[PDB]
Amino acid sequence: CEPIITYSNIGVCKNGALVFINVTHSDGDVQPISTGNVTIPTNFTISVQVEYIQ
Amino acid sequence: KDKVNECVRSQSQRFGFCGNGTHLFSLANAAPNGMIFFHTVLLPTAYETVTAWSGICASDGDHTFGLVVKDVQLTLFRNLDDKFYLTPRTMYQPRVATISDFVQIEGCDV
Amino acid sequence: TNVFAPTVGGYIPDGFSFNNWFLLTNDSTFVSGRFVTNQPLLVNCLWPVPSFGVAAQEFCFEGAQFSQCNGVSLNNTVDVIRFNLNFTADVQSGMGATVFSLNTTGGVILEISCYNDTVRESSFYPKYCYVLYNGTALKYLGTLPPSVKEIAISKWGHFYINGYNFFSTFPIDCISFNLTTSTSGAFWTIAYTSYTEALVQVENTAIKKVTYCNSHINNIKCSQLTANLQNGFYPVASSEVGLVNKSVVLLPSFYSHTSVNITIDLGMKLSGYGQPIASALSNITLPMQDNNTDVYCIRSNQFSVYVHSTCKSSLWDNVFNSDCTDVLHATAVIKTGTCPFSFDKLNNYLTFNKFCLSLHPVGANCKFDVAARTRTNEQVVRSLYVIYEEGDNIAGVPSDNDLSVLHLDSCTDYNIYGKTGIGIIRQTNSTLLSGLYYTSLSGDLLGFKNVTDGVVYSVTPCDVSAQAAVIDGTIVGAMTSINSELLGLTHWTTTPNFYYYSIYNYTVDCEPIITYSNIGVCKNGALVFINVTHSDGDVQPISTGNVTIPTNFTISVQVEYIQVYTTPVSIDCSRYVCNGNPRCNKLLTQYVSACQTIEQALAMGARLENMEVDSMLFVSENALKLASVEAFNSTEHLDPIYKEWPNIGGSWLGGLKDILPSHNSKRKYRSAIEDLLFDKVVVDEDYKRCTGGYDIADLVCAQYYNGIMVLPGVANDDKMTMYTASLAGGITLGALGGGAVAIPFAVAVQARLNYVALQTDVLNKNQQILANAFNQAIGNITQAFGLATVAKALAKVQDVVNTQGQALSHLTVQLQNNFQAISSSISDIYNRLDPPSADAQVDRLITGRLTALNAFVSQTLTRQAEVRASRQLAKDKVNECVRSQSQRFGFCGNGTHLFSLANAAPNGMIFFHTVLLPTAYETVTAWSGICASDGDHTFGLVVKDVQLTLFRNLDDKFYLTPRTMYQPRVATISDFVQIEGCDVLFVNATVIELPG
Amino acid sequence: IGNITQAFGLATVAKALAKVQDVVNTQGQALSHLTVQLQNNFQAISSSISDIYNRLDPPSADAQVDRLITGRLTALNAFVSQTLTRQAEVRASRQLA
Amino acid sequence: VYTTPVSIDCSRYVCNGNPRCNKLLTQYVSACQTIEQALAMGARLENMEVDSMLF
Amino acid sequence: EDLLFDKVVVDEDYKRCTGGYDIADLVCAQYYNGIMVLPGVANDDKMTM
């Protein structure tokens, strides 16, 4: 289920079930390697992120 | 102030400073007692695989010399027609390599 | 063993076990911790008694008469006598049922007798123990428990069994005993002890270590609540002042003295239980004044007060015609009562404008308490009222005689114009034209004027604050403002700001151990100067003339600690303010707004930090697959094009084995340095154990009971550890979209080197030197963690942990404040007062606890803001030093940054920055440009890349090199920009001799 | 540089001067308040311990001295908290510098 | 860049050298220890920070 | 530097406080109260260099 309220690794869903919150996963960082088979990002979309500063 | 100067009025070379991803541009709006920034980033959805080489060992009979890419931020690879291409690692934008893109050195690497 | 030999002065040796020794208390027993206490631990004489032996003696406390003492025996008075033996039912007494025979004041004999059958009260004969007065049971003590291990009797009549005072008799003069036992192992001890101050460590209500505060270093140890002192500077006092003269300075006046004698005639009777009762019909007679003996006013300039007491006895009919016997003898005393001064201190140079003593309460500012003191008690019988006015016309003197006596150039107790203190009074040359005396901002007297000749005298303290330097648990030096010996130091030297006493032979080339600013103290006590750090200098972007480029590089590793998160706490305001009491909750329903504000602030702070931390941490599965010591030590994940390399780690593994996680760890993904930092600087977060009730609750469970919940933090530590491991493992990940294909660490280091400066020596490469330097640096860091940067990081983490602990400790201890109420317990208040009277008492506690909670919330919010700024710094460091190479100069440590690794630390992280340290310079002749001539056409050429230096080799060929590293390369025509003019500093050349 | 030197004996110069003046004043006031806290009676007959012990018996004087002890300990705790907060702020400023 | 660091003798501030006041403060010695330790640690950390910056 | 240190802003010698040759000033009185301001002239010299 999709947790509604979370703290640390604990999450509570709408139906009351308790779920585990794991750390976010990502593909990884592109490394400055120029030897062998390497991967370069090709197909790009747009993401917008919002930050507030006082 | 740092965010406005380095994300809105220019593009910063600092990695990850203007949001998670490759920063494109930032806009700003006024908020109670401060401001909010909209950072626009490029999100990759695919990868191209290329066979990259760290240099070219060129032989002209008895004279063997190495060639390295002058710009350290470029990856050198080969196309299907055995022609050398250079691409940046942020985006896949291949281009044909010229002699002015290389530095000549004495030795060669394995 | 239970037998020890007292050292010089009567101090228990450090090798003792204290098997049958406890801490004496009148209240609750400390379970664990260190406490500075005044306990009877000065052993004057230790009598060892062997098995089957007999210990029989009659001891008087004002009579250090001793029989056998293994060891030296002191000659001071004995305060407590302790029997350290297993007082079971197999211990025989030579007096029969009586185990102890007490001779109290006045000749009253009391016995402590145990019987095998119950004895009724006021009658005569499992073991039941009783206190007998005249053969009759006076007090029932109870059955003997099976676990008695020590009985301590004090000269004031108190009995301690296993450390707790269970009964007190009258003050004892002499104690007769006659005991023997057979099951007491080999020896059981009788100790005569006197009270002394000491720092005691207790674990499970048992003494483990006793440090006596008998020396200067021991005084510092007792002040720091620890027997192991870290090297540093500690504030102390220069000396101790005692037995000084007295100086009195008063304004000129006439000298007429009056003696005021108060006669007190006490009436005494014997009650039904034999206790002497002082009659309220006691009479007070004042000196006759204006035909009256009930009011007396001082009419002279000086006076003294004396009391004369007479005693008479009655027979329950208030007819006093006899003389008080030994039991009924009493002495009249005057007690302070409600007055701001004591009666016995009136002759201590107290000044008034009016002073009258009366027997009537009207018009009186305060009253004294006239009491009769018997051999056992002290009972108030009358009141003496005082009418006084503050001033200086009338002074109370010790006796009839000039009252102005002044001792100069020495420590003295002074009373000058009403201001009292201890100090040294000196004569000055200064001329202040106004005033009589002068005070400081704190109200302390600084100087005063003689009213006869106008000379001004200054007053200084006898003792001043000093700083003691402690290295390896000994005092080696002291910084002080007085040129006098202190702390046992004799040799001294002069500094422009202070005097420095030392163990060093003063009428120095040494490595200072403790430093502050420009001051350093070595191990031998010598004082040294600390100058500013020196360096060769920064490389300048100059390309004209003879310039130097760094060539020979080694590796330096620098350690930095940054805090990322706090330890969040949830508080139940209702449970903290009210300990579950429904009536207190009903009262707090009127303050519910304050509790709501406190809870909302704490919850919002915790939610904001959790949101901030959540968006910062991430992992990669493929990166985590390679993030281990085992993975770096194998070639399973290596790309087949790296068949020459034995494994991923290569030559760098010797340094990487302490940073990467290993299977030989307490927890998952944990490395050697992480374990060292989490064990050398720092419990259970399960709440289910607190409510089990299977043992006495610990500190965390007690805080929970008080409504203080520490939120989970092990998950955050695990997330940080996995985050750092993934960051470390991503360096060697060849590609992202597939499996865990790995590259050797040397290849990544070479890529970083090329990023620093384009490497032009492909064949002759020496990465072995860099790898060995890195391995040795990491080994030294690991050794230091179990190198100033390492010390700074350790100090920072220790400070963070200590502050976090103290913040909660203060809040928890705030619950024992009475806040001007009869008790700090709500249940106690509601069990002693009616609800209308109890609500007023509970209101004060409620307000005080709400104020304490508000203070705690404010401090927590400030800490959270500071840690938020620190977290921003840490995020910048991770993004620009670990996940990439920053172009910012000096951001990733001092030097040319190569790469950074990270590990998890308590409440944050530590970074290892690897930098290139040059060890040599190459000198080249640099040119700013080339002026090329082709006959009539002369044009300039400049280097297109401003970061390159152009020079010439021996064969007259132009080369370009970066200034970060000396990596020369042959210049081509594409490296130059053509311009019209030429500069004077350009090098002249022809078309033939141009590059390319 | 000549204009700056003249102004020091140009809004940036004014802001810098105001900042340094504020720092110095705050540093002075922090110690002034702690020193002046020693004249508080804390609901006792006097704020001088020597005066208390020269007018009352030790059993009566200990109760008076206890109030002064508690008040001065509270003042020291407040001073320590304020000093630590100032130190953290200056640490961030030092990182910026 | 730096503050003006202060050392406080807690015993001398609370008790103006009076031995009886010191005997009474022996029961609060923990509070004085906490105050001194906090001040000393703060001063030591800032000195360490400033030392590594200047050259 | 001189203009800023004179237009915006003493003695750090403690030996003078215990001399008793005149009435103590504010710093000496604070020392008498157990308040020690640690040396700062060295830090100013280091910053200047």
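As written, the chain order gives the labels A, B, C, D, E and F, with residue 1 at the start of each chain.
The rule is simple: a residue touches a chain if its C-beta (ideal position, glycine included) is under 8 Å from a C-beta of that chain, and two chains touch if they have at least 3 such contacts.
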item: Intersection of contact partners for subunit A and subunit E; value: C
item: Euclidean distance of C-alpha centroids - subunit E vs subunit F, Å; value: 19
item: Whole-Å separation of chain centres (CA-atom averages), subunit A against subunit B; value: 24
item: CA centroid of subunit C to CA centroid of subunit E, Å; value: 10
item: Whole-Å gap between the CA centroids of subunit C and subunit F; value: 28
item: Junction residues of subunit E, two or more chains touched; value: 1-2, 4, 6-13, 16, 18, 32, 38, 42-43, 45, 49-50, 54
item: Pairs of chains in contact (touch as defined earlier), listed by label; value: A-B, A-C, B-C, C-D, C-E, C-F, D-E, D-F, E-F
item: For the subunit C and subunit E complex, residues of the former touching the latter; value: 36, 38, 197, 222-225, 232-235, 237, 240-242, 421-422, 444, 461-463, 465, 467, 515-517, 532-535, 788-789, 791-792, 795-796, 798-799, 802-803, 806
item: Touching residues (chain side subunit F, partner subunit D) in the complex; value: 3-4, 7-9, 29-30, 33, 35, 37
item: Residues of subunit C that touch subunit D when the two form their complex; value: 335-336, 340-342, 344-345, 348, 350, 415, 419-422, 441-443, 803, 859, 862, 866, 869, 873
item: Residues of subunit A defined as touching subunit C within the complex; value: 6-10, 23-39
item: In the complex, subunit B residues that touch subunit C; value: 13-17, 47, 49, 55, 66, 68, 70, 72, 100, 103-110
